[PDB]
Ligand SMILES: [Zn+2]
Ligand SMILES: [Zn+2]
């Protein structure tokens, strides 16, 4: 009787926000991003893309509890560069990277069939 | 500037009594000029070293010729002339012990400075006149450089 | 600071599985693609079951459970469908579900094998995986006098909800077949058999260590359950992950511009 | 009871292999031969057919409560 | 008039005073400190203890039968 | 060391001496203590009542 | 510790110029050597220590000194050294009579 | 069920307030099961962490000031150490000395007393792990362990 519904892992209720931004007070140019209803599939690729940025001093992700469905991403950037634009640049580069991969994959699959 | 110690050493021996760790090994080396002893723990995976090899140590309080007492914080981005740019193997630790040959009346002749880099230990044992700037609880860089 | 260019080449293409190789990309991207294969590719399976009569030897939930696991060929319909939670229609409609019927009664003295061929679909395209000598999925066995009638509805879902929406049977994933990065440490490398993709002579046990290496040349072998074609699983997975990131991008942009 | 529709671990469809597996065991294929004659290479899928017991036949031996 | 008991608040006295003062705050008793928007009576009681403003005295009963009365402010808070 | 005799030397040491001790199987603490050459200061019995 | 070692370790021996000047400032060594009141007080302190030694030996016939006590004095000394950066290589600043008083 | 008894339980019987037992003046709780084993393997001398693995581990420290420490090895590539991170876990300025389970007895008598070949004397100084391997004797429930002194 206490089992949560299966769709609880990816569906947002009314009033919940997908992503919330909180400034970090301990150190300058730091920020914390809370993503609701996500798991490692999205946090890991975002963190790895961020670590490629030369202007990102820190990037990490965690899931506070496996039974809960939330991710926390901490981004620290050098002072000339907002963490918010670092995050959006990582996303917009990963999207482009995936689109290129899909196009090459479909071309290769076409060439595999009598090519 | 700031150079706590500077000399050229020769590996007299590798870890005796076997190796206790597969990535790090203990090496014993001697000096030509100052004729003093070093025991150093180094990781072989990234910086392999062989018996009979010859290298140069520069223990310094900072990595800048300006001698500006740096943060102990890791900052990858710094467009400053680093002392490590001319060196191959660079560590960073704090000196935690200084032993001496002193007695109740006379001063120290031979000194032994023990410094640990993240758990990798070094004992530098010579004469008191050379290990002068070593003070307990001080941050030091070992900059090593292998030479033919 | 920018995206790297990856490349793909397929080494085996079959109606059952695709085997291919990805070069010049991060470990995280490779693992996330492997992850989306299993969990987040939409597929069609029967989720709603209403039983009108059941005189068999298996109870109603046992038959409804077995029914849920029958794969359905959903290659192009799944794209044009909608999630039942998103359809504005009050009741089941052709644009958000697929209806199935099953009326089997055993009258002769021979045991009757109710299989997936007995499921009568409403659409000519969305049918069980036995479309085109091999037998079919066995649902139940009926003795003389027993029967079962039931009406079912199929919806669109992905693995995250339930394993019946899992399109793939087995996703083999590998990288660095010879231990060059040495992410794993063999106490005795001799005892370990060579990988399929390893390139070494019979004498050498593992590649020499190189400290500068990074994981590349990820080897995939995606084997389908039969619902989706092996080659279209990967295309759907890439599109879904890209769309997921795009939605996050829009929501973050909206949040920042409103912040 | 009855053959499971899908392998628990892999997820490969194994529900349609039971009748073929029994037919091959009649013909002096051994289990090690009959299993890979059906295309079951992973031992996770092989243990399903190898260790399954079919009790549906004993249940059908009993007369139905209805007619 | 002479006091032979310890000048420190024992852990038991600290627990009972906090509990019995949080109970009074729950019942619309006036608060002794400028509270900062908090709503929990226990937090308010813990604040009044640390600010040394609790209007309670403690009667410590000696074994012989006599007793000593200590105001909350007259004795050192252990925590 | 706690059953061994312990003395104090002229240099203020605590040398552990080794001497003969006898463990019994009965108990008659009074007739034993009141005997010649038995050490009447350390002789314990494990019986509380005695 | 031995009677020879106990005395060697806990007497304030104030008859050595260089030995005392090694550990103490210059403003303090002259006070220790000159003032006889301080020397008398230090001798009295050692006598008290000797009396305590006799009491401990009668309390603990068993040799082991392992005991259970309220607060770890050696650890507090080490904590003080690390807080104030003692650097036990230079002559000390603490006046020996402040210790006793 | 009432506010008075609630406050009394909070102020007397809370878990963190019960770490040390008066039965034997030792801590009652200790690191146990697979953390203890993973700590001994994690704090050995030859444990090195790349930049990304360190940034992930720091993501799980609640009492971290957001300052990445200087790696023990800089130039060939930045490498941290298990001890270098376990020092960030240790709170305040704690100072204690413990010996590992496999510490040979003769090591203290001869040379290398303060430079242990086996990494088997635990020495924490100024709230920082300098040398040694943490075992049951260092993080367990024995008297004088690192949690006992921390409390
Ligand atoms: Zn609809
Ligand atoms: Zn399987």
Practice problem: Look at segment B:1-30 and say how many of its residues are crowded, with 18+ Cβ neighbours inside 10 Å, part of a strand (DSSP E or B) and more than 11 Å from chain H (Cβ to nearest Cβ). | Solution: 6
Quiz prompt | Total residues in segment H:59-79, condition over 20 Å from residue C:27 (Cβ atoms) and in contact with a strand residue (DSSP E or B) (Cβ under 8 Å, 6 or more places away or on another chain) | solution = 12
Quiz item: Of the numbered conditions (1) within 11 Å of another protein chain (Cβ to nearest Cβ); (2) surrounded by 14 or more Cβ atoms within 10 Å (Cβ to Cβ); (3) more than 23 Å from residue C:168 (Cα to Cα), residue D:63 satisfies every one except a single condition; which is it?
Solution: (2)
Exercise. Please verify whether segment A:64-79 includes one or more residues that are within 10 Å of chain C (Cβ to nearest Cβ), surrounded by 20 or more Cβ atoms within 10 Å (Cβ to Cβ) and closer than 25 Å to residue H:70 by Cα.
Key: no
Quiz item: Just for segment C:60-92: of the residues that are within 30 Å of residue C:140 (Cβ to Cβ) and away from every other protein chain (no Cβ under 14 Å), which one is nearest to ligand 2 (Cβ to nearest atom)?
Solution: C:74
Quiz item: Just one of the numbered conditions (1) within 20 Å of residue H:56 (Cα to Cα); (2) within 11 Å of chain C (Cβ to nearest Cβ) is not true of residue A:100; which one?
Solution: (1)
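Is it the case that segment C:127-135 has a residue that's assigned to a strand (DSSP E or B), more than 12 Å from chain D (Cβ to nearest Cβ) and either more than 16 Å from ligand 1 (Cβ to nearest atom) or closer than 19 Å to residue D:18 by Cα (or both)?
Going residue by residue through segment C:127-135, those that are assigned to a strand (DSSP E or B) are C:128.
Those still in the list that are more than 12 Å from chain D (Cβ to nearest Cβ) too: none.
No, segment C:127-135 has no match at all.
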Quiz prompt | Single condition residue G:31 does not satisfy, out of (1) more than 30 Å from residue B:132 (Cβ to Cβ); (2) over 15 Å from the mean Cα position of the chain (by Cα); (3) within 13 Å of another protein chain (Cβ to nearest Cβ); (4) in a helix (DSSP H, G or I) | solution = (3)
Quiz item: Looking at segment D:1-21, which of its residues are more than 8 Å from ligand 2 (Cβ to nearest atom) and touching a helix residue (DSSP H, G or I) at 6+ places or on another chain (Cβ under 9 Å)?
Solution: D:1, D:2, D:3, D:4, D:5, D:6, D:15, D:16, D:17, D:18, D:20, D:21
Self-check item: Complete set of residues in segment C:101-126 that are more than 16 Å from ligand 1 (Cβ to nearest atom) and either loosely packed, with under 13 Cβ neighbours inside 10 Å or within 23 Å of the chain's Cα centre (by Cα) (or both)
Solution: C:107, C:108, C:109, C:110, C:115, C:116, C:117, C:119, C:120, C:121, C:124, C:125
Exercise. Would you mind finding the one in F:50, F:19, F:13, F:35 that is under 18 Å from residue G:64 (Cβ atoms) and either in a loop (DSSP other than H, G, I, E, B) or within 13 Å of the chain's Cα centre (by Cα) (or both)?
Key: F:13
Quiz item: Which of the strands (runs of 3 or more DSSP E) contained wholly in segment A:11-115 include at least 1 residues that are under 30 Å from residue C:20 (Cβ atoms)?
Solution: A:56-62, A:70-77
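Regarding segment H:1-19, can at least one residue be identified that is part of a loop (DSSP other than H, G, I, E, B) and buried (at least 18 other Cβ atoms within 10 Å of the Cβ)?
No: zero hits.
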Quiz prompt | Condition met for residue E:16 (farther than 20 Å from residue E:68 by Cα and within 12 Å of chain H (Cβ to nearest Cβ)) | solution = no
Exercise. Looking only at segment B:53-66, decide whether some residue is surrounded by fewer than 19 Cβ atoms within 10 Å (Cβ to Cβ), under 18 Å from the mean Cα position of the chain (by Cα) and within 9 Å of another protein chain (Cβ to nearest Cβ).
Key: no
Quiz item: Considering only residues of segment C:66-96 that are out of contact with any helix residue (DSSP H, G or I) (no Cβ under 9 Å at 6 or more places or on another chain) and closer than 30 Å to residue D:55 by Cβ, which is nearest to ligand 1 (Cβ to nearest atom)?
Solution: C:72
Practice problem: Would you be able to say whether some residue in segment G:58-68 is surrounded by 10 or more Cβ atoms within 10 Å (Cβ to Cβ) and more than 14 Å from chain F (Cβ to nearest Cβ)? | Solution: no
Practice problem: Return a yes/no flag: does segment C:208-228 have any residue that is surrounded by fewer than 18 Cβ atoms within 10 Å (Cβ to Cβ), away from ligand 1 (no atom under 16 Å from the Cβ) and in a strand (DSSP E or B). | Solution: yes
Quiz item: Restricting the search to segment C:1-24, which residues are on the phi < 0 side of the Ramachandran plot, more than 7 Å from chain A (Cβ to nearest Cβ) and touching a strand residue (DSSP E or B) at 6+ places or on another chain (Cβ under 7 Å)?
Solution: C:11, C:12, C:16, C:17, C:18, C:19, C:20, C:21, C:22, C:23
Practice problem: Among what's in segment D:23-56 and is within 21 Å of residue D:1 (Cβ to Cβ), within 12 Å of ligand 2 (Cβ to nearest atom) and within 14 Å of chain C (Cβ to nearest Cβ), pick the residue that is surrounded by the most Cβ atoms within 10 Å (Cβ to Cβ). | Solution: D:45
Exercise. State whether one or more residues within segment B:100-121 are surrounded by fewer than 19 Cβ atoms within 10 Å (Cβ to Cβ), within 13 Å of the chain's Cα centre (by Cα) and outside any loop (DSSP other than H, G, I, E, B).
Key: no
Self-check item: Residue in segment E:1-17 that is touching a helix residue (DSSP H, G or I) at 6+ places or on another chain (Cβ under 6 Å) and surrounded by fewer than 17 Cβ atoms within 10 Å (Cβ to Cβ) present
Solution: no
Quiz prompt | Odd one out for residue D:46 among (1) closer than 22 Å to residue C:72 by Cβ; (2) in contact with a helix residue (DSSP H, G or I) (Cβ under 8 Å, 6 or more places away or on another chain) | solution = (1)
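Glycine gets a Cβ as well: all are built from the backbone with ideal geometry, and neighbour counts include every protein chain shown. Since every read-out is calculated from the coordinates, none of them should be taken as a lab result.
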